[PDB]
file structure_24.cif (mmCIF, C-alpha atoms and all ligand atoms)
data_query
#
loop_
_atom_site.group_PDB
_atom_site.id
_atom_site.type_symbol
_atom_site.label_atom_id
_atom_site.label_comp_id
_atom_site.auth_asym_id
_atom_site.auth_seq_id
_atom_site.Cartn_x
_atom_site.Cartn_y
_atom_site.Cartn_z
ATOM 1 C CA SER A 981 -49.057 -69.657 11.461
ATOM 2 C CA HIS A 982 -52.567 -68.205 11.535
ATOM 3 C CA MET A 983 -52.565 -66.926 7.950
ATOM 4 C CA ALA A 984 -55.872 -65.019 7.943
ATOM 5 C CA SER A 985 -54.539 -62.497 10.507
ATOM 6 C CA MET A 986 -51.123 -61.836 8.928
ATOM 7 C CA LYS A 987 -50.681 -58.103 8.368
ATOM 8 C CA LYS A 988 -49.285 -56.202 5.399
ATOM 9 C CA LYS A 989 -46.551 -53.574 5.519
ATOM 10 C CA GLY A 990 -47.796 -50.057 4.899
ATOM 11 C CA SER A 991 -46.611 -47.932 2.003
ATOM 12 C CA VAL A 992 -43.903 -45.304 2.222
ATOM 13 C CA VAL A 993 -45.654 -41.904 2.265
ATOM 14 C CA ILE A 994 -44.414 -38.523 1.078
ATOM 15 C CA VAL A 995 -44.962 -36.144 4.002
ATOM 16 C CA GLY A 996 -43.078 -33.073 2.798
ATOM 17 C CA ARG A 997 -40.179 -31.768 0.761
ATOM 18 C CA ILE A 998 -36.981 -29.797 0.911
ATOM 19 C CA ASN A 999 -37.628 -26.689 -1.131
ATOM 20 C CA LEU A 1000 -34.568 -25.779 -3.201
ATOM 21 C CA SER A 1001 -36.442 -23.620 -5.725
ATOM 22 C CA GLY A 1002 -35.427 -20.187 -4.369
ATOM 23 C CA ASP A 1003 -32.412 -18.550 -2.721
ATOM 24 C CA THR A 1004 -33.265 -20.158 0.654
ATOM 25 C CA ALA A 1005 -33.501 -23.896 1.307
ATOM 26 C CA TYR A 1006 -36.321 -24.875 3.660
ATOM 27 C CA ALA A 1007 -38.374 -27.886 4.725
ATOM 28 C CA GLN A 1008 -42.109 -27.941 4.047
ATOM 29 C CA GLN A 1009 -44.536 -30.414 5.571
ATOM 30 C CA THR A 1010 -47.363 -31.468 3.274
ATOM 31 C CA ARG A 1011 -49.046 -34.162 5.384
ATOM 32 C CA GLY A 1012 -49.501 -34.520 9.151
ATOM 33 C CA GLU A 1013 -49.286 -37.722 11.186
ATOM 34 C CA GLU A 1014 -52.958 -38.874 10.965
ATOM 35 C CA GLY A 1015 -53.079 -38.386 7.191
ATOM 36 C CA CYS A 1016 -49.727 -40.129 6.925
ATOM 37 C CA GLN A 1017 -50.989 -43.151 8.876
ATOM 38 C CA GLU A 1018 -54.174 -43.476 6.767
ATOM 39 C CA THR A 1019 -52.236 -42.996 3.503
ATOM 40 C CA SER A 1020 -49.687 -45.636 4.520
ATOM 41 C CA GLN A 1021 -52.559 -48.097 5.062
ATOM 42 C CA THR A 1022 -54.456 -47.397 1.810
ATOM 43 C CA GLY A 1023 -51.434 -46.526 -0.323
ATOM 44 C CA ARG A 1024 -53.597 -43.781 -1.842
ATOM 45 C CA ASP A 1025 -51.977 -40.347 -1.785
ATOM 46 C CA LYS A 1026 -53.744 -37.638 -3.773
ATOM 47 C CA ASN A 1027 -51.511 -34.783 -2.539
ATOM 48 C CA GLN A 1028 -49.676 -32.779 -5.186
ATOM 49 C CA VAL A 1029 -45.957 -33.557 -5.311
ATOM 50 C CA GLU A 1030 -43.382 -30.919 -6.126
ATOM 51 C CA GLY A 1031 -39.606 -30.690 -6.140
ATOM 52 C CA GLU A 1032 -36.577 -32.943 -6.182
ATOM 53 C CA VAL A 1033 -36.134 -33.973 -2.539
ATOM 54 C CA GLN A 1034 -39.076 -35.503 -0.706
ATOM 55 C CA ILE A 1035 -39.425 -36.158 2.993
ATOM 56 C CA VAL A 1036 -40.880 -39.648 3.404
ATOM 57 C CA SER A 1037 -42.191 -41.723 6.290
ATOM 58 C CA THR A 1038 -43.162 -45.242 7.259
ATOM 59 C CA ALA A 1039 -44.978 -46.065 10.502
ATOM 60 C CA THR A 1040 -41.645 -46.195 12.344
ATOM 61 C CA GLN A 1041 -39.113 -44.092 10.424
ATOM 62 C CA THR A 1042 -38.720 -40.858 8.504
ATOM 63 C CA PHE A 1043 -36.054 -40.108 5.941
ATOM 64 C CA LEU A 1044 -35.540 -38.566 2.476
ATOM 65 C CA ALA A 1045 -36.037 -39.608 -1.134
ATOM 66 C CA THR A 1046 -34.506 -37.876 -4.152
ATOM 67 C CA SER A 1047 -35.602 -37.852 -7.800
ATOM 68 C CA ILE A 1048 -32.792 -38.395 -10.335
ATOM 69 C CA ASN A 1049 -33.402 -39.431 -13.993
ATOM 70 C CA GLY A 1050 -37.155 -39.923 -13.424
ATOM 71 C CA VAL A 1051 -36.726 -42.305 -10.462
ATOM 72 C CA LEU A 1052 -37.410 -41.476 -6.826
ATOM 73 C CA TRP A 1053 -34.481 -43.038 -4.938
ATOM 74 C CA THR A 1054 -34.008 -43.794 -1.278
ATOM 75 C CA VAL A 1055 -32.282 -46.169 1.130
ATOM 76 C CA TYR A 1056 -33.220 -49.810 1.640
ATOM 77 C CA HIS A 1057 -32.566 -49.475 5.382
ATOM 78 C CA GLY A 1058 -35.486 -47.014 5.520
ATOM 79 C CA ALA A 1059 -37.902 -48.315 2.879
ATOM 80 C CA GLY A 1060 -37.159 -52.038 2.798
ATOM 81 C CA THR A 1061 -39.190 -53.553 -0.035
ATOM 82 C CA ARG A 1062 -42.214 -51.276 0.601
ATOM 83 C CA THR A 1063 -44.495 -49.803 -1.987
ATOM 84 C CA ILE A 1064 -44.959 -46.035 -2.130
ATOM 85 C CA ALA A 1065 -48.358 -44.353 -1.926
ATOM 86 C CA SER A 1066 -49.632 -42.670 -5.083
ATOM 87 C CA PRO A 1067 -52.888 -41.159 -6.367
ATOM 88 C CA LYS A 1068 -54.080 -44.518 -7.715
ATOM 89 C CA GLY A 1069 -52.728 -46.781 -4.967
ATOM 90 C CA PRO A 1070 -49.492 -48.521 -3.930
ATOM 91 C CA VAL A 1071 -46.632 -48.474 -6.444
ATOM 92 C CA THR A 1072 -44.140 -51.348 -6.393
ATOM 93 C CA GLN A 1073 -40.394 -50.633 -6.381
ATOM 94 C CA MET A 1074 -38.789 -50.531 -9.802
ATOM 95 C CA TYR A 1075 -35.290 -51.011 -8.273
ATOM 96 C CA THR A 1076 -34.210 -52.836 -5.119
ATOM 97 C CA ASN A 1077 -30.553 -53.421 -4.214
ATOM 98 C CA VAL A 1078 -29.836 -54.313 -0.608
ATOM 99 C CA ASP A 1079 -26.097 -54.527 -1.339
ATOM 100 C CA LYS A 1080 -26.078 -50.835 -2.322
ATOM 101 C CA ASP A 1081 -28.659 -49.862 0.335
ATOM 102 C CA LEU A 1082 -30.744 -48.585 -2.598
ATOM 103 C CA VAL A 1083 -34.357 -48.620 -3.690
ATOM 104 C CA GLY A 1084 -36.277 -46.694 -6.306
ATOM 105 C CA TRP A 1085 -39.787 -46.116 -7.612
ATOM 106 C CA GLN A 1086 -40.974 -44.305 -10.713
ATOM 107 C CA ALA A 1087 -40.791 -40.591 -9.877
ATOM 108 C CA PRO A 1088 -44.165 -39.120 -8.860
ATOM 109 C CA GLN A 1089 -46.132 -36.893 -11.237
ATOM 110 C CA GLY A 1090 -45.257 -33.304 -10.359
ATOM 111 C CA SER A 1091 -41.774 -34.055 -9.083
ATOM 112 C CA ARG A 1092 -38.665 -32.615 -10.696
ATOM 113 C CA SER A 1093 -35.580 -34.740 -11.257
ATOM 114 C CA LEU A 1094 -31.993 -33.792 -10.635
ATOM 115 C CA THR A 1095 -29.571 -34.348 -13.506
ATOM 116 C CA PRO A 1096 -26.699 -36.810 -12.920
ATOM 117 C CA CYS A 1097 -23.428 -34.952 -12.482
ATOM 118 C CA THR A 1098 -20.677 -35.387 -15.070
ATOM 119 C CA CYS A 1099 -18.543 -32.483 -13.756
ATOM 120 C CA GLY A 1100 -16.003 -34.700 -11.955
ATOM 121 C CA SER A 1101 -15.864 -32.091 -9.163
ATOM 122 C CA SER A 1102 -15.013 -33.015 -5.584
ATOM 123 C CA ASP A 1103 -16.658 -29.955 -3.995
ATOM 124 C CA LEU A 1104 -20.043 -31.319 -2.872
ATOM 125 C CA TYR A 1105 -23.072 -30.256 -0.849
ATOM 126 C CA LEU A 1106 -25.257 -32.522 1.284
ATOM 127 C CA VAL A 1107 -28.917 -31.534 1.701
ATOM 128 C CA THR A 1108 -30.443 -32.668 5.027
ATOM 129 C CA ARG A 1109 -34.046 -33.185 6.139
ATOM 130 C CA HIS A 1110 -33.764 -29.890 8.035
ATOM 131 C CA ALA A 1111 -32.778 -28.098 4.805
ATOM 132 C CA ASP A 1112 -29.183 -27.594 5.890
ATOM 133 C CA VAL A 1113 -26.830 -27.494 2.905
ATOM 134 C CA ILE A 1114 -23.580 -28.969 4.282
ATOM 135 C CA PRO A 1115 -20.304 -28.643 2.352
ATOM 136 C CA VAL A 1116 -18.624 -32.004 1.797
ATOM 137 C CA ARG A 1117 -15.242 -32.675 0.152
ATOM 138 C CA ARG A 1118 -15.375 -35.827 -1.957
ATOM 139 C CA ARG A 1119 -12.744 -38.285 -0.658
ATOM 140 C CA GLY A 1120 -13.351 -41.355 -2.786
ATOM 141 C CA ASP A 1121 -15.878 -43.152 -4.935
ATOM 142 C CA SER A 1122 -18.490 -43.312 -2.158
ATOM 143 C CA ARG A 1123 -17.190 -41.108 0.674
ATOM 144 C CA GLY A 1124 -16.833 -37.444 1.520
ATOM 145 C CA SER A 1125 -15.649 -35.488 4.538
ATOM 146 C CA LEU A 1126 -17.672 -32.783 6.282
ATOM 147 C CA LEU A 1127 -15.859 -29.444 6.159
ATOM 148 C CA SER A 1128 -17.466 -28.779 9.570
ATOM 149 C CA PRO A 1129 -18.046 -31.981 11.574
ATOM 150 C CA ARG A 1130 -21.145 -32.216 13.715
ATOM 151 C CA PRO A 1131 -23.020 -34.617 15.953
ATOM 152 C CA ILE A 1132 -24.647 -37.567 14.170
ATOM 153 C CA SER A 1133 -27.982 -36.272 15.568
ATOM 154 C CA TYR A 1134 -27.901 -33.579 12.879
ATOM 155 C CA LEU A 1135 -27.678 -36.134 10.067
ATOM 156 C CA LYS A 1136 -30.148 -38.728 11.398
ATOM 157 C CA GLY A 1137 -33.208 -38.898 9.168
ATOM 158 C CA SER A 1138 -31.377 -37.607 6.086
ATOM 159 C CA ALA A 1139 -30.475 -40.896 4.438
ATOM 160 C CA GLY A 1140 -31.911 -40.788 0.926
ATOM 161 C CA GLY A 1141 -30.985 -37.135 0.479
ATOM 162 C CA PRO A 1142 -28.672 -35.880 -2.253
ATOM 163 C CA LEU A 1143 -25.079 -34.879 -2.502
ATOM 164 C CA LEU A 1144 -24.900 -32.151 -5.151
ATOM 165 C CA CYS A 1145 -22.063 -30.596 -7.145
ATOM 166 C CA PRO A 1146 -21.576 -26.799 -7.324
ATOM 167 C CA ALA A 1147 -23.888 -26.698 -10.379
ATOM 168 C CA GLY A 1148 -26.694 -28.552 -8.531
ATOM 169 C CA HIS A 1149 -26.347 -31.929 -10.283
ATOM 170 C CA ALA A 1150 -26.801 -35.174 -8.359
ATOM 171 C CA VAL A 1151 -23.502 -36.771 -7.345
ATOM 172 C CA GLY A 1152 -24.895 -39.342 -4.894
ATOM 173 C CA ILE A 1153 -27.497 -40.480 -2.372
ATOM 174 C CA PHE A 1154 -26.563 -40.250 1.331
ATOM 175 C CA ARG A 1155 -26.643 -43.685 3.028
ATOM 176 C CA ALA A 1156 -24.427 -43.707 6.152
ATOM 177 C CA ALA A 1157 -22.425 -41.504 8.514
ATOM 178 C CA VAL A 1158 -18.835 -42.156 9.531
ATOM 179 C CA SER A 1159 -18.442 -41.025 13.138
ATOM 180 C CA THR A 1160 -16.039 -40.901 16.072
ATOM 181 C CA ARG A 1161 -17.443 -40.430 19.580
ATOM 182 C CA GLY A 1162 -20.819 -39.460 18.090
ATOM 183 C CA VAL A 1163 -19.341 -36.809 15.777
ATOM 184 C CA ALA A 1164 -19.877 -37.259 12.057
ATOM 185 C CA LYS A 1165 -16.641 -36.521 10.217
ATOM 186 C CA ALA A 1166 -17.604 -38.121 6.909
ATOM 187 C CA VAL A 1167 -20.514 -39.488 4.931
ATOM 188 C CA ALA A 1168 -20.971 -42.521 2.739
ATOM 189 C CA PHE A 1169 -23.155 -42.261 -0.350
ATOM 190 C CA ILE A 1170 -24.346 -44.272 -3.335
ATOM 191 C CA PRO A 1171 -22.602 -42.607 -6.297
ATOM 192 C CA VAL A 1172 -24.857 -41.493 -9.118
ATOM 193 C CA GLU A 1173 -22.929 -43.773 -11.511
ATOM 194 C CA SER A 1174 -24.014 -46.725 -9.422
ATOM 195 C CA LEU A 1175 -27.647 -45.537 -9.790
ATOM 196 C CA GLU A 1176 -27.084 -45.224 -13.536
ATOM 197 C CA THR A 1177 -25.738 -48.828 -13.686
ATOM 198 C CA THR A 1178 -28.696 -50.051 -11.609
ATOM 199 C CA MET A 1179 -30.961 -48.429 -14.225
ATOM 200 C CA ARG A 1180 -29.370 -50.929 -16.658
HETATM 201 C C1 LIG B 1201 -21.406 -48.023 6.639
HETATM 202 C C2 LIG B 1201 -20.476 -47.531 7.748
HETATM 203 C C3 LIG B 1201 -19.277 -46.811 7.152
HETATM 204 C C4 LIG B 1201 -20.011 -48.693 8.620
HETATM 205 O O1 LIG B 1201 -21.130 -46.572 8.574
HETATM 206 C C5 LIG B 1201 -22.329 -46.828 9.317
HETATM 207 O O2 LIG B 1201 -22.907 -47.909 9.222
HETATM 208 N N1 LIG B 1201 -22.768 -45.803 10.040
HETATM 209 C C6 LIG B 1201 -24.062 -45.829 10.683
HETATM 210 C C7 LIG B 1201 -24.135 -44.796 11.802
HETATM 211 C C8 LIG B 1201 -25.521 -44.755 12.453
HETATM 212 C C9 LIG B 1201 -25.720 -43.522 13.345
HETATM 213 C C10 LIG B 1201 -26.659 -42.483 12.717
HETATM 214 C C11 LIG B 1201 -25.973 -41.755 11.570
HETATM 215 C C12 LIG B 1201 -26.856 -40.646 11.032
HETATM 216 C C13 LIG B 1201 -27.367 -40.640 9.792
HETATM 217 C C14 LIG B 1201 -27.111 -41.754 8.814
HETATM 218 C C15 LIG B 1201 -27.467 -41.479 7.358
HETATM 219 C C16 LIG B 1201 -28.283 -42.509 8.154
HETATM 220 C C17 LIG B 1201 -29.702 -42.114 8.421
HETATM 221 O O3 LIG B 1201 -29.994 -40.953 8.640
HETATM 222 N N2 LIG B 1201 -30.630 -43.089 8.396
HETATM 223 S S1 LIG B 1201 -32.132 -42.704 8.715
HETATM 224 O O4 LIG B 1201 -32.235 -42.251 10.086
HETATM 225 O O5 LIG B 1201 -32.668 -41.753 7.785
HETATM 226 C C18 LIG B 1201 -32.992 -44.140 8.632
HETATM 227 C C19 LIG B 1201 -34.512 -44.064 8.499
HETATM 228 C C20 LIG B 1201 -33.667 -44.450 7.295
HETATM 229 N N3 LIG B 1201 -27.964 -43.886 7.882
HETATM 230 C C21 LIG B 1201 -27.835 -44.777 8.855
HETATM 231 O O6 LIG B 1201 -28.141 -44.541 10.013
HETATM 232 C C22 LIG B 1201 -27.182 -46.079 8.497
HETATM 233 C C23 LIG B 1201 -28.134 -47.249 8.653
HETATM 234 C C24 LIG B 1201 -27.205 -48.391 8.959
HETATM 235 O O7 LIG B 1201 -26.446 -48.742 7.811
HETATM 236 C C25 LIG B 1201 -27.025 -49.702 6.904
HETATM 237 O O8 LIG B 1201 -28.017 -50.325 7.243
HETATM 238 N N4 LIG B 1201 -26.366 -49.825 5.770
HETATM 239 C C26 LIG B 1201 -26.606 -50.874 4.758
HETATM 240 C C27 LIG B 1201 -25.545 -50.575 3.743
HETATM 241 C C28 LIG B 1201 -25.280 -51.264 2.558
HETATM 242 C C29 LIG B 1201 -24.242 -50.815 1.749
HETATM 243 C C30 LIG B 1201 -23.490 -49.699 2.103
HETATM 244 C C31 LIG B 1201 -23.773 -49.035 3.301
HETATM 245 F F1 LIG B 1201 -23.056 -47.963 3.652
HETATM 246 C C32 LIG B 1201 -24.807 -49.496 4.085
HETATM 247 C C33 LIG B 1201 -25.270 -48.927 5.393
HETATM 248 C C34 LIG B 1201 -26.238 -47.783 9.949
HETATM 249 N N5 LIG B 1201 -26.087 -46.415 9.422
HETATM 250 C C35 LIG B 1201 -25.121 -45.525 9.655
HETATM 251 O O9 LIG B 1201 -25.097 -44.443 9.076
HETATM 252 ZN ZN ZN B 1202 -22.112 -31.418 -11.820
#
call {"tool": "encode", "arguments": {"input": "structure_24.cif", "output": "structure tokens", "more": "lines below"}}
Ligand SMILES: CC(C)(C)OC(=O)N[C@H]1CCCCC/C=C\[C@@H]2C[C@@]2(C(=O)NS(=O)(=O)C2CC2)NC(=O)[C@@H]2C[C@@H](OC(=O)n3cc4cccc(F)c4c3)CN2C1=O
Ligand SMILES: [Zn+2]
result
Amino acid sequence: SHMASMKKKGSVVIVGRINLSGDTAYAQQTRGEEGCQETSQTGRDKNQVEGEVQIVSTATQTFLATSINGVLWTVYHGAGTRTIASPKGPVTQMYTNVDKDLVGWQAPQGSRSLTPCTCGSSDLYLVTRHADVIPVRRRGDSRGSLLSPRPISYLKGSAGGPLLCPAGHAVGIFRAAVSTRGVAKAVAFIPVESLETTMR
């Protein structure tokens, strides 16, 4: 092909967060669309990062990314092999596993990391991009059922978000919804143990 005109993929850009610091969970936007587009091109993001759950965007998709053990994790089906924007330019993935639908980068300065759960509890909570905290009963290694099913529309854009135990530890990263007639009855997630193995 004409090699001189081949384009490069933009970086993933942090565009907001899910604030879990207080008694009320809520989404905050930290960058609008024009800034996002420019930042994706340059890979240079000088915005302050805070919190555990980031809202992230590419040119075509928006989803979540969650810091656990000093790594910002998200789904491969959202990020592909993309770099993430940072104050000093694009940062290359430190983990990539298409078979797990998993990617990770070093956690941004200013972020806070969730602690991996060792409670062995099956009472979980899924945090969505709209800051809904959805009770989920763990049903296996990588699945849980919604206590209150809802349309898949409500979950779209939340891949990369956490499933948490009652004590607020990370149990997994949301990757897929299990649905019947458009209603999500269950969720599939990357268990935190699988993240911990990937880190080895
Ligand atoms: C796996 C099973 C049981 C057959 O189910 C499903 O395939 N179901 C569907 C239902 C889709 C309807 C919307 C559901 C709403 C929210 C879904 C959470 C979500 C999302 O919000 N993405 S996103 O908008 O943020 C997006 C911007 C990031 N993910 C998806 O859509 C994913 C993406 C795609 O799956 C994968 O490419 N892989 C690769 C995997 C490798 C290993 C293990 C896996 F499981 C893998 C899943 C299909 N997906 C589903 O969920
Ligand atoms: Zn726990």
call {"tool": "atom_distance", "arguments": {"input": "structure_24.cif", "atom1": "CA of residue 1146 in chain A", "atom2": "CA of residue 1114 in chain A"}}
result
12.0 Å
call {"tool": "axis_aligned_box", "arguments": {"input": "structure_24.cif", "around": "range 1028-1040 of chain A", "padding_each_side": "6 Å", "output": "JSON"}}
result
{"center_x": -42.9, "center_y": -38.4, "center_z": 3.1, "size_x": 25.5, "size_y": 27.5, "size_z": 30.5}
call {"tool": "residues_near_ligand", "arguments": {"input": "structure_24.cif", "ligand": "ligand ZN 1202 (chain B)", "cutoff": "12 Å", "atoms": "all atoms listed in the file", "output": "PyMOL selection string"}}
result
chain A and resi 1094-1105+1143-1152+1172
call {"tool": "resolve_selection", "arguments": {"input": "structure_24.cif", "expression": "the PyMOL selection byres (((chain A and resi 1035-1047) around 7) and not hetatm)", "output": "PDB file with C-alpha atoms, in the coordinates of the input"}}
result
ATOM      1  CA  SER A 991     -46.611 -47.932   2.003  1.00  0.00           C
ATOM      2  CA  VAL A 992     -43.903 -45.304   2.222  1.00  0.00           C
ATOM      3  CA  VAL A 993     -45.654 -41.904   2.265  1.00  0.00           C
ATOM      4  CA  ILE A 994     -44.414 -38.523   1.078  1.00  0.00           C
ATOM      5  CA  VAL A 995     -44.962 -36.144   4.002  1.00  0.00           C
ATOM      6  CA  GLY A 996     -43.078 -33.073   2.798  1.00  0.00           C
ATOM      7  CA  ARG A 997     -40.179 -31.768   0.761  1.00  0.00           C
ATOM      8  CA  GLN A1017     -50.989 -43.151   8.876  1.00  0.00           C
ATOM      9  CA  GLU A1032     -36.577 -32.943  -6.182  1.00  0.00           C
ATOM     10  CA  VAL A1033     -36.134 -33.973  -2.539  1.00  0.00           C
ATOM     11  CA  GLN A1034     -39.076 -35.503  -0.706  1.00  0.00           C
ATOM     12  CA  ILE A1048     -32.792 -38.395 -10.335  1.00  0.00           C
ATOM     13  CA  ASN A1049     -33.402 -39.431 -13.993  1.00  0.00           C
ATOM     14  CA  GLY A1050     -37.155 -39.923 -13.424  1.00  0.00           C
ATOM     15  CA  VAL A1051     -36.726 -42.305 -10.462  1.00  0.00           C
ATOM     16  CA  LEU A1052     -37.410 -41.476  -6.826  1.00  0.00           C
ATOM     17  CA  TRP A1053     -34.481 -43.038  -4.938  1.00  0.00           C
ATOM     18  CA  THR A1054     -34.008 -43.794  -1.278  1.00  0.00           C
ATOM     19  CA  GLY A1058     -35.486 -47.014   5.520  1.00  0.00           C
ATOM     20  CA  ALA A1087     -40.791 -40.591  -9.877  1.00  0.00           C
ATOM     21  CA  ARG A1092     -38.665 -32.615 -10.696  1.00  0.00           C
ATOM     22  CA  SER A1093     -35.580 -34.740 -11.257  1.00  0.00           C
ATOM     23  CA  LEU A1094     -31.993 -33.792 -10.635  1.00  0.00           C
ATOM     24  CA  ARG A1109     -34.046 -33.185   6.139  1.00  0.00           C
ATOM     25  CA  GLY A1137     -33.208 -38.898   9.168  1.00  0.00           C
ATOM     26  CA  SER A1138     -31.377 -37.607   6.086  1.00  0.00           C
ATOM     27  CA  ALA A1139     -30.475 -40.896   4.438  1.00  0.00           C
ATOM     28  CA  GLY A1140     -31.911 -40.788   0.926  1.00  0.00           C
ATOM     29  CA  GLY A1141     -30.985 -37.135   0.479  1.00  0.00           C
ATOM     30  CA  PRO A1142     -28.672 -35.880  -2.253  1.00  0.00           C
TER      31      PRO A1142
END
call {"tool": "atom_distance", "arguments": {"input": "structure_24.cif", "atom1": "atom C28 of ligand LIG 1201 (chain B)", "atom2": "CA of residue 1074 in chain A"}}
result
18.3 Å
call {"tool": "residues_around", "arguments": {"input": "structure_24.cif", "residues": "residue 1023 in chain A", "least_positions_apart": "3", "cutoff": "8 Å", "atoms": "only C-alpha atoms", "output": "list in words"}}
result
residues 990, 991, 993, 1019, 1020, 1063, 1064, 1065, 1066, 1069 and 1070 of chain A
call {"tool": "residues_near_ligand", "arguments": {"input": "structure_24.cif", "ligand": "ligand LIG 1201 (chain B)", "cutoff": "8 Å", "atoms": "only C-alpha atoms and all ligand atoms", "output": "PyMOL selection string"}}
result
chain A and resi 1041-1044+1055-1059+1078-1082+1132-1140+1154-1159+1162+1164+1167-1170
call {"tool": "atom_distance", "arguments": {"input": "structure_24.cif", "atom1": "CA of residue 1018 in chain A", "atom2": "CA of residue 1062 in chain A"}}
result
15.6 Å
call {"tool": "build_atoms", "arguments": {"input": "structure_24.cif", "residues": "range 1154-1171 of chain A", "atoms": "N, CA and C atoms", "output": "tab-separated table (two decimals), keeping the file's coordinate frame"}}
result
chain	number	residue	atom	x	y	z
A	1154	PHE	N	-27.11	-40.04	-0.02
A	1154	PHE	CA	-26.56	-40.25	1.33
A	1154	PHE	C	-27.10	-41.54	1.94
A	1155	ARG	N	-26.20	-42.44	2.38
A	1155	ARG	CA	-26.64	-43.68	3.03
A	1155	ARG	C	-26.15	-43.90	4.46
A	1156	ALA	N	-24.96	-43.42	4.82
A	1156	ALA	CA	-24.43	-43.71	6.15
A	1156	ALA	C	-23.47	-42.62	6.60
A	1157	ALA	N	-23.36	-42.46	7.93
A	1157	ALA	CA	-22.42	-41.50	8.51
A	1157	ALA	C	-21.26	-42.23	9.15
A	1158	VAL	N	-20.07	-41.66	8.95
A	1158	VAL	CA	-18.84	-42.16	9.53
A	1158	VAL	C	-18.54	-41.28	10.74
A	1159	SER	N	-18.55	-41.84	11.94
A	1159	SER	CA	-18.44	-41.02	13.14
A	1159	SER	C	-17.43	-41.54	14.16
A	1160	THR	N	-16.92	-40.61	14.95
A	1160	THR	CA	-16.04	-40.90	16.07
A	1160	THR	C	-16.62	-40.20	17.29
A	1161	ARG	N	-16.86	-40.96	18.35
A	1161	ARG	CA	-17.44	-40.43	19.58
A	1161	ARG	C	-18.70	-39.61	19.31
A	1162	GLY	N	-19.54	-40.10	18.39
A	1162	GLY	CA	-20.82	-39.46	18.09
A	1162	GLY	C	-20.74	-38.27	17.15
A	1163	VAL	N	-19.53	-37.93	16.69
A	1163	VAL	CA	-19.34	-36.81	15.78
A	1163	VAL	C	-19.13	-37.34	14.38
A	1164	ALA	N	-19.98	-36.90	13.46
A	1164	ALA	CA	-19.88	-37.26	12.06
A	1164	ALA	C	-18.75	-36.47	11.43
A	1165	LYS	N	-17.73	-37.16	10.95
A	1165	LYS	CA	-16.64	-36.52	10.22
A	1165	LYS	C	-16.74	-36.75	8.72
A	1166	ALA	N	-17.48	-37.77	8.32
A	1166	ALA	CA	-17.60	-38.12	6.91
A	1166	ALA	C	-18.93	-38.79	6.64
A	1167	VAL	N	-19.29	-38.85	5.37
A	1167	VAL	CA	-20.51	-39.49	4.93
A	1167	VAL	C	-20.21	-40.47	3.82
A	1168	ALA	N	-20.99	-41.53	3.79
A	1168	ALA	CA	-20.97	-42.52	2.74
A	1168	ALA	C	-22.23	-42.34	1.89
A	1169	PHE	N	-22.07	-42.46	0.58
A	1169	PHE	CA	-23.16	-42.26	-0.35
A	1169	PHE	C	-23.10	-43.26	-1.51
A	1170	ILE	N	-24.26	-43.51	-2.11
A	1170	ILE	CA	-24.35	-44.27	-3.34
A	1170	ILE	C	-24.02	-43.30	-4.47
A	1171	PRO	N	-22.92	-43.53	-5.21
A	1171	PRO	CA	-22.60	-42.61	-6.30
A	1171	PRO	C	-23.62	-42.68	-7.42
